[PDB]
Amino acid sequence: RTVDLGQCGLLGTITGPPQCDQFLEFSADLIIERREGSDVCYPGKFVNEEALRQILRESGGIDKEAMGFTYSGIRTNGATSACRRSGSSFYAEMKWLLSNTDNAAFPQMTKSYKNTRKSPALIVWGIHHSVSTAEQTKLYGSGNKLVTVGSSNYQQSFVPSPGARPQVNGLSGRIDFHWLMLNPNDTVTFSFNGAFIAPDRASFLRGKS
């Protein structure tokens, strides 16, 4: 009933970098976190990381449920040397959406998910800040990129900032993770034409004993 995360950072339990593969649905009243824990495999950070850690520390653990997004006209299998899982891989709970072919236009898409449970749903997504505009063009097509998240009486947009920051280890881009808590019976909507890392599953707090 008390769990030692080791190399897995607590927020990694939500998105699933390879160091967190054995914790994607953990159950624990006390969570032990370690200096060697990392939330990420590709360089980046969680928005409101401190607040979200607070929520998860007293959550009693997490149970994952499918969000049911399906796709066509794009690749859903973006991967990176940074996340090693028998070669290049990605976050286990997320899908790195790419245009069907290099430099091809990414289609404007909209995906929605309704929380049909009685508890609030924790929903994460990533925004990819490519290391270069050529990379962004290569991955999603050229032109302006925009991601919009909406829920009941709420809308917020994110515009990728393609630039080259210090490498980690060799990659100058960043994937930052954003989240929201979806009330029972509310619907989250994502509108995006690229630079969007999509959730495959939502997380529900288990509650303590």
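The first residue of the sequence shown is number 1, and the count goes up from there.
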Which wins on mean Cα temperature factor, 129-137 or 85-93?
129-137
Mean C-alpha B-factor higher for 164-172, or for 41-49?
164-172
Of the options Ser27, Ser157, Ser151, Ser142, which has the highest CA B factor as deposited?
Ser142
Would you mind finding, among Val124, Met109, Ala104, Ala121, the residue with the largest C-alpha temperature factor in the entry?
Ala104
For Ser59, the third of its chain by CA B-factor is the middle
